[PDB]
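Structure first, commentary second.
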Amino acid sequence: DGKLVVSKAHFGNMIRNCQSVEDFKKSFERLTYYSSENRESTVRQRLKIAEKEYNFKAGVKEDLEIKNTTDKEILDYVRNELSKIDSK
Amino acid sequence: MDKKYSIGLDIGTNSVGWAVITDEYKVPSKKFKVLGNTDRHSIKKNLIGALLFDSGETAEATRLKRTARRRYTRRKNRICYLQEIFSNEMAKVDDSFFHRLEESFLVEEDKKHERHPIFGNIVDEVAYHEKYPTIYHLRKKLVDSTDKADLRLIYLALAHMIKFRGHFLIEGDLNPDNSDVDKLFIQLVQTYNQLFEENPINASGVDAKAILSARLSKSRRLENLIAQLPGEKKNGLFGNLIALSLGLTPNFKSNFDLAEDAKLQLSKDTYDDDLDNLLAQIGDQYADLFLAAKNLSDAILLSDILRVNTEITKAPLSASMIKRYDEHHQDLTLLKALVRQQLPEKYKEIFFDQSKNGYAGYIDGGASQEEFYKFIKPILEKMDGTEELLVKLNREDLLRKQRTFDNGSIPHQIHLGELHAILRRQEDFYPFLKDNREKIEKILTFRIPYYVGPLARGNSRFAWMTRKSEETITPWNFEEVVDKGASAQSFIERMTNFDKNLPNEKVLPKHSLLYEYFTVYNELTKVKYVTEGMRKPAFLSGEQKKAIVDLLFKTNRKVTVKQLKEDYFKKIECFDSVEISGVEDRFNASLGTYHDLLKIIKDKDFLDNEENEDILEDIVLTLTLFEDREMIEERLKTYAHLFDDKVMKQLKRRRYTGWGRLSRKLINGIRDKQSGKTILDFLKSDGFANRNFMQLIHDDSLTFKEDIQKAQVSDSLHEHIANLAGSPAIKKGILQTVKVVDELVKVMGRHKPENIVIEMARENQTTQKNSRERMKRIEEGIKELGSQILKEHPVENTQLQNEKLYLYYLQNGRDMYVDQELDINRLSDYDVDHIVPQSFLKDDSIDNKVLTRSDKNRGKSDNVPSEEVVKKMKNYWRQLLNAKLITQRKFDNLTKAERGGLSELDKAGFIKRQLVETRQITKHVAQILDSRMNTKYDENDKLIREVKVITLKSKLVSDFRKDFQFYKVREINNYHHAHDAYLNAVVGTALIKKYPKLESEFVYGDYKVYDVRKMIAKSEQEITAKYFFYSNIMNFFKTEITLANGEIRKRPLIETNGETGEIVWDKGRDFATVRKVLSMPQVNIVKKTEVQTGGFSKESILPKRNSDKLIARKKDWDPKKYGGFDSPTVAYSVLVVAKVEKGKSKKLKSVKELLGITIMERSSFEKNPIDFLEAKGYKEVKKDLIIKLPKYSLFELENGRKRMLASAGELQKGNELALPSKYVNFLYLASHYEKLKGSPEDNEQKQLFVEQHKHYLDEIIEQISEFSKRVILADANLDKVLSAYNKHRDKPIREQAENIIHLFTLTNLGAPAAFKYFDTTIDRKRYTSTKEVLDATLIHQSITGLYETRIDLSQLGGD
RNA sequence: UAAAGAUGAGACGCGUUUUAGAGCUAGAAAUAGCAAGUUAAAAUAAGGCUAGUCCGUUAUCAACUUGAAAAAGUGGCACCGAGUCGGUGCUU
């Protein structure tokens, strides 16, 4: 329904490198991956992949001295969406 | 009204036959209830049957796929670590650089950013790709130059060095000791002379770097290096190791005199298992040799990649690859000019056509380098002006791509050197590179140890790592989060096997010192010697064993016999000449780790102190388990005061591999109760009859069988069948045997049987390979002698299939009992005689048989022959003895008259040979079934044995079938699996009731062993408390035992117990019973229905193609854009009754289809099947009628025609042919017309049987034809084979019968197969339509076939 | 004569797919002639949930009943026959 042509490995690669919350919302609303031949993955699966990747990018910049002023913004957005799913 | 029964079993890799007999040896019969919706409610079935199942495979390919997946995960993490270092200043240089590298896969229309990955406009991309045509131009520029470079180009160089980083085979730094060609060559000749101390290869002046590292061809470098050696063969072992190191294909056949070919090549990806297959043959001390050839191989390849000296650039690899690039450019320009100028018509197929192997097929087309060379070499030979390009083509240096397969020999210290030089050039301009420098270099060099494993957190069945803290493991905090002592202790507790004999005990390493003293005393305890004045050739006394092991196994590495005869016998004990028996020209054991550690420490007193055992055992254990330098440092801290630093640092570099199979407590820990000795004390000094290891476990005089027996207890059943030693096929056989016995006990009113007879036959006759040792055995045997038989009559391993001819050459063409020669032409008129007769033991072997001219030449003795041929042919048997053709056992059996007839010890030896099931897999099977049936305890905490369990030999039942004409043809039907199990239960129970004082020797359990010498009568007609004068235990089935001299002793027709008078065998009735059960029409053959698992399809990646029959390897990907799976595999099929839409009228036409579920879709189907089917175009699906149909689901059509479902659109034959037993004896006797293995009198009677019953062939053709017209139902092939039979009705019978056995492949069970009569190859008749099955009757069956549920499929779909 | 026997951990290099590396001239077009090519990025069973620097091709598996699942239950006996199992009493 107007979303691009990738898979799950490419889904995770292509939503890693966002630099704001609004860019992650746009690049999240443009991609999918089908979990089998006729069904699309649920939004909680895609948000859990984005949680894993901004957890990695959020946490490895703390093993270094690198200022992760974003990637804790995007990770908090991801975790609040996942909380709004799983509370319901 | 009988209630006692028995069970016969026979286990296989694809079959478990089974039976139930009662006390009169009759298979009973019962009316079984039938469930389902049909109008049949019961059927009689027999209690005989066979289960059939496909083989299990190993977890090896699953292992390899697993480890490749986790390597791709970890490589991708390396790239993300590096990007997360660069992202904060890269985010100032270019905001979308990581995005563009992240979406480069996409088509131009799909990308958000611009289509050029690195720079973003096209002018800078053409400029970038003109200045830097490869990545090595970029890498070399960043290493050399001093200008501030762009941050993108520094990321691209560091990412190309971190993603493709090299191997971790070399430890530490690169020095002349471990990476120059000449020092690896010196290590190869030191390892070589270490293996061959008799021939030291002198390499005093060989400049190996200048010879094996010159820009030459491989054969030219080989022949130059061999020519520099003083007097060596190019085709020797050393020339094969040097040519192995260069990269050719040497043949290791002529070095070790193997029967087959051994082509090893290092770039060939089967070098691992081919190397293991050679080390399974030629010994296992050659692994340091074939490893020291591989280290030289990567030294040669690495010094042939880096064709650039240092002190010009800091980057050798990059400048070397630009050199390769420019050579490609100038040879390509020269080749295009020489083809345009001379051969203009081949320019299109060299430089344009890519399906050929020209340059278009090399660059664009997917050919390798070698295919390109085989293509264009005759093109270059024709042309004029192609001298230099043929010089390069002979040298594998023509038109080289830079990412070749040879790049697997670059260490990571090259990439680390260039990495560090870039970070030191470019850090005055970028400060974060200076701060993060050691952190980037950690990303390259970090490597997870073997002893840590997957970095799991409680959710994998492969990992054991324990965490010192709860953080995420990165490369920069690995040695802070991982508890390495606890992880290493879990590693030792997991990777160390358990002892089979004495469980919960760990096996020693194979290079342990105690395992080496054990194997040396185990070899020295059975070596004999004969001396003039020592005419009874005894073993070695134990003090002689201690002196021989303290003078020879502690001086030399390998000990051949000449130092035993020279240094000990001729010098210490000072004889003149002593022959040594039991050892063949060299010992096979060695004290190798004693010499390794002795070379490292150089202190004899430390190794021989013998109170320093646990230190050295812990050293060899540490060097066996671990390969990490830092953990080997961490564990040998405690022994550091016993050594200096050079010996310590030299101990760290010595890795051993291999786990043995015997624990420490099994060698020194358990004791004999009578003597107070361990197994190693028996092997050092035993006394009179020095018994080795197996003769210590399997001796009832000693406590060892009691301790090992009582200690083998072992949990659940899958642990019992997981822990034991065997292939996964036979373990599937054992698990199905356990389930079969459980349901046979459930059938019989839950009464446990009197017996369970078990027999595990084999299918391992594969070759001919034993006939190579037959031919070679006559070669070495006659070449020992000096006779004139090989010259006048040459041997070959195709003529020696005749045993009269093999025995003709083995006896040097000479008659045994008469001093005469033998004609080779008249083997039809010569007799074969067993020395020890058949009435004492069944011995058809080559050890027992002697070829003679007249069978009555052996005198008149019903026992072993006389002593005239002993005293006359003594030196003849000496010449045949020393030729390694006849053995000392055969000479002793020929001289049993010289030692005064047979004794009762001899006969106890014959029963000892006949009874004992010596293998260990059957002994674990009887342990499992005995521990599973016999569970009850009495008052005294002993074990009441309700169920005896019996293991027989295979040759007992085989000789029963041969001697009483219950012949077996494996090709007619599958009933022989059932009939072998029935004959196990018959034979074993008749033996268990006939001789009840031999129950200690084939019933599993702790039984009172009785004096076998006292259960043997001394006179013939004596028979009171005796069992037999004739020691063949299978005589009492026979009515007429036959003496060797030519008499017939007739036994009584009713055999009873010799003590209690129970009637156990009646010859007038029980043969009629057995022959009546081996011809029943109904036998419960079952094929086990298995859901298919495995890979999702054929697993190659294909290009883009517009066919809609290709399911893509990803999801949104249109298969016309990328490509996909060629043929996906079906897990199981599903019968669906639903209404589909018929067409444009949108009608709800109800169909009943058969839909396969694939391995990819299987879990999606099992999640919600109504949603699954309904999204595939099935409205109105009923949940109660989805019927899972796995492979080999059985259906029944009309007229008793059955079909097994092979796949969702294919069927297989489901019926069996109960051919009458007279035709089966006719086919066996007819098609085995020569190979009869009996006397010519009764085999002449068998020739009268086939000749007087030649019309049985026509009646068999009537059987096959009527069965074929009822259920096989292939009319064209049946008329084709009736015509084919009519074209040959005058042929000999031994090929008409031998081809009717080929005709039964039409009427078998299973997949239809193409066979071949006299002339006609008949193609297979596939059943490609599953349309008739939807009206058939589905039969669900339990493992025995007896309880079944039959479903009427035509009553499904109506409403 | 008997006796490894399977199972597990770490790491390279290719290979294969897309995509980037400006195609030029003649021609309305088909087509023809010429140029060039060696490398890189990403993916590497589909995917999964516990989100690990983990798991995803082994072993296990008739049907029905109770169970979330490891699991536990469900099927009279005896004689005379035998073409894939029939007939005959006996308690039901």
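Ligands are numbered from 1 in the order shown, chains are lettered A, B, ... in the order of the structure tokens, and residues start at 1 in each chain.
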Interface rows for chain A against chain B: nearest pair, Å to one decimal, 8 Å, only C-alpha atoms, as CSV:
residue,atom,partner,partner_atom,distance
A:4,CA,B:110,CA,6.9
A:5,CA,B:1116,CA,4.9
A:6,CA,B:1116,CA,5.6
A:7,CA,B:1115,CA,5.9
A:13,CA,B:102,CA,6.3
A:14,CA,B:102,CA,6.1
A:17,CA,B:99,CA,6.3
A:33,CA,B:1115,CA,6.6
A:34,CA,B:1115,CA,5.6
A:35,CA,B:1115,CA,7.7
A:36,CA,B:1115,CA,7.3
A:37,CA,B:1115,CA,6.6
A:38,CA,B:1175,CA,7.1
A:57,CA,B:84,CA,7.1
A:60,CA,B:84,CA,7.6
A:61,CA,B:84,CA,7.0
A:63,CA,B:476,CA,7.9
A:66,CA,B:88,CA,7.7
Please return, as a PyMOL selection string, all residues of chain A lying within 9 Å of chain C when only C-alpha atoms (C1' of nucleotides) are considered.
-> chain A and resi 8-10+13+35-36+48-49+51-52
Using only C-alpha atoms (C1' of nucleotides), what table do you get, as JSON lines, when you list each residue of chain C with an atom no more than 8 Å from chain B, its nearest pair of atoms, and their distance in Å rounded to one decimal, rows by chain then rising number?
{"residue": "C:1", "atom": "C1'", "partner": "B:918", "partner_atom": "CA", "distance": 7.9}
{"residue": "C:2", "atom": "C1'", "partner": "B:918", "partner_atom": "CA", "distance": 4.8}
{"residue": "C:4", "atom": "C1'", "partner": "B:661", "partner_atom": "CA", "distance": 7.4}
{"residue": "C:5", "atom": "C1'", "partner": "B:725", "partner_atom": "CA", "distance": 4.5}
{"residue": "C:6", "atom": "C1'", "partner": "B:725", "partner_atom": "CA", "distance": 6.4}
{"residue": "C:8", "atom": "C1'", "partner": "B:462", "partner_atom": "CA", "distance": 7.0}
{"residue": "C:9", "atom": "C1'", "partner": "B:450", "partner_atom": "CA", "distance": 5.1}
{"residue": "C:10", "atom": "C1'", "partner": "B:450", "partner_atom": "CA", "distance": 4.7}
{"residue": "C:11", "atom": "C1'", "partner": "B:167", "partner_atom": "CA", "distance": 6.7}
{"residue": "C:12", "atom": "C1'", "partner": "B:167", "partner_atom": "CA", "distance": 4.7}
{"residue": "C:13", "atom": "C1'", "partner": "B:408", "partner_atom": "CA", "distance": 4.1}
{"residue": "C:14", "atom": "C1'", "partner": "B:405", "partner_atom": "CA", "distance": 4.9}
{"residue": "C:16", "atom": "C1'", "partner": "B:1101", "partner_atom": "CA", "distance": 5.4}
{"residue": "C:17", "atom": "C1'", "partner": "B:1103", "partner_atom": "CA", "distance": 6.3}
{"residue": "C:18", "atom": "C1'", "partner": "B:105", "partner_atom": "CA", "distance": 5.6}
{"residue": "C:19", "atom": "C1'", "partner": "B:105", "partner_atom": "CA", "distance": 4.7}
{"residue": "C:20", "atom": "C1'", "partner": "B:116", "partner_atom": "CA", "distance": 5.6}
{"residue": "C:21", "atom": "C1'", "partner": "B:129", "partner_atom": "CA", "distance": 6.5}
{"residue": "C:22", "atom": "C1'", "partner": "B:122", "partner_atom": "CA", "distance": 7.7}
{"residue": "C:37", "atom": "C1'", "partner": "B:363", "partner_atom": "CA", "distance": 6.9}
{"residue": "C:38", "atom": "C1'", "partner": "B:401", "partner_atom": "CA", "distance": 4.9}
{"residue": "C:39", "atom": "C1'", "partner": "B:134", "partner_atom": "CA", "distance": 4.7}
{"residue": "C:40", "atom": "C1'", "partner": "B:135", "partner_atom": "CA", "distance": 7.4}
{"residue": "C:41", "atom": "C1'", "partner": "B:101", "partner_atom": "CA", "distance": 5.2}
{"residue": "C:42", "atom": "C1'", "partner": "B:105", "partner_atom": "CA", "distance": 5.6}
{"residue": "C:45", "atom": "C1'", "partner": "B:1096", "partner_atom": "CA", "distance": 6.9}
{"residue": "C:46", "atom": "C1'", "partner": "B:1114", "partner_atom": "CA", "distance": 6.2}
{"residue": "C:50", "atom": "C1'", "partner": "B:459", "partner_atom": "CA", "distance": 7.5}
{"residue": "C:52", "atom": "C1'", "partner": "B:456", "partner_atom": "CA", "distance": 5.4}
{"residue": "C:53", "atom": "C1'", "partner": "B:74", "partner_atom": "CA", "distance": 6.1}
{"residue": "C:54", "atom": "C1'", "partner": "B:456", "partner_atom": "CA", "distance": 5.5}
{"residue": "C:55", "atom": "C1'", "partner": "B:460", "partner_atom": "CA", "distance": 7.0}
{"residue": "C:57", "atom": "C1'", "partner": "B:1094", "partner_atom": "CA", "distance": 4.2}
{"residue": "C:58", "atom": "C1'", "partner": "B:59", "partner_atom": "CA", "distance": 4.0}
{"residue": "C:61", "atom": "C1'", "partner": "B:1090", "partner_atom": "CA", "distance": 7.3}
{"residue": "C:62", "atom": "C1'", "partner": "B:1342", "partner_atom": "CA", "distance": 4.9}
{"residue": "C:63", "atom": "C1'", "partner": "B:1349", "partner_atom": "CA", "distance": 6.1}
{"residue": "C:75", "atom": "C1'", "partner": "B:33", "partner_atom": "CA", "distance": 5.7}
{"residue": "C:78", "atom": "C1'", "partner": "B:1", "partner_atom": "CA", "distance": 6.8}
{"residue": "C:82", "atom": "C1'", "partner": "B:1080", "partner_atom": "CA", "distance": 7.5}
{"residue": "C:83", "atom": "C1'", "partner": "B:1081", "partner_atom": "CA", "distance": 6.5}
{"residue": "C:84", "atom": "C1'", "partner": "B:1082", "partner_atom": "CA", "distance": 4.6}
{"residue": "C:85", "atom": "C1'", "partner": "B:44", "partner_atom": "CA", "distance": 5.8}
When distances are computed from only C-alpha atoms, which of B:795, B:655, B:807, B:25 shows the smallest separation from residue 1075 of chain B?
->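 The answer is B:25, which sits nearest to residue 1075 of chain B.
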Have a look at atom CA of residue 94 of chain B and atom CA of residue 119 of chain B and let me know their distance in Å, one decimal.
->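 Separating atom CA of residue 94 of chain B from atom CA of residue 119 of chain B is a distance of 8.8 Å.
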Would you mind listing what lies within 10 Å of residue 59 of chain A as a ChimeraX atom specification, with only C-alpha atoms (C1' of nucleotides) counted and same-chain residues fewer than 3 positions away left out?
-> /A:53-56,62-64,68,71-72 /B:472
Could you work out how far atom CA of residue 51 of chain B lies from atom CA of residue 744 of chain B, giving the answer in Å with one decimal?
->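 Rounded to one decimal, the two atoms are 13.0 Å apart.
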Residues near residue 23 of chain C, cut-off 12 Å, only C-alpha atoms (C1' of nucleotides), skip fewer than 6 positions along chain, as a PyMOL selection string = chain C and resi 34-36
